[PDB]
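J.: I need the structure of the sequence given here:
(chains A and B)
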Protein chains: 2
Amino acid sequence: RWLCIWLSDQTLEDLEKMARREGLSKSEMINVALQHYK
Amino acid sequence: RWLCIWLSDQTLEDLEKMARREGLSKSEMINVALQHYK
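T.: Numbers count the residues shown, from 1 in each chain, chains lettered A, B, ... in the order given. The relevant structure is shown in the block below.
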């Protein structure tokens, strides 16, 4: 699904170091975040 | 910021018990996910 929400710089940037190092993409970064949150 | 990406089920939906139940919102759910993603 296509999701649009409020994630600022500190978090978009977040999805740069994580996704990269993780081999993930902006979405596969964010999907993952939800599967390992908490 | 406004960001649109590809998140399928069991995560895009997962943001219900992690957001509502947690008092969070679609964004504060997803932002948060990034802040505690492992």
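
J.: tell me who's in contact with the residue nearest to the spatial centre of chain A.
T.: Central residue of chain A (CA atoms, centre = their mean): residue A:30, 3.0 Å from the mean position. For residue A:30, the residues meeting the contact criterion (CB atoms under 8 Å, 6 or more residues apart in numbering or on different chains) are A:15, B:5, B:7, B:30, B:33, B:34. For the C-beta atoms, the positions are set from N, CA and C on the backbone; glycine is no exception.

J.: dump the residues you listed into JSON lines; add secondary structure as well.
T.: Below are the contacts of residue A:30 laid out as JSON lines (DSSP: H, G, I helix; E, B strand; the rest coil):
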{"residue": "A:15", "secondary structure": "helix"}
{"residue": "B:5", "secondary structure": "strand"}
{"residue": "B:7", "secondary structure": "coil"}
{"residue": "B:30", "secondary structure": "helix"}
{"residue": "B:33", "secondary structure": "helix"}
{"residue": "B:34", "secondary structure": "helix"}
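
J.: wait, residue A:15 sits on residue A:28?
T.: No: the pair residue A:15 / residue A:28 is not scored as a contact, 9.9 Å apart, by CB atoms under 8 Å.

J.: thanks a lot, catch you later.
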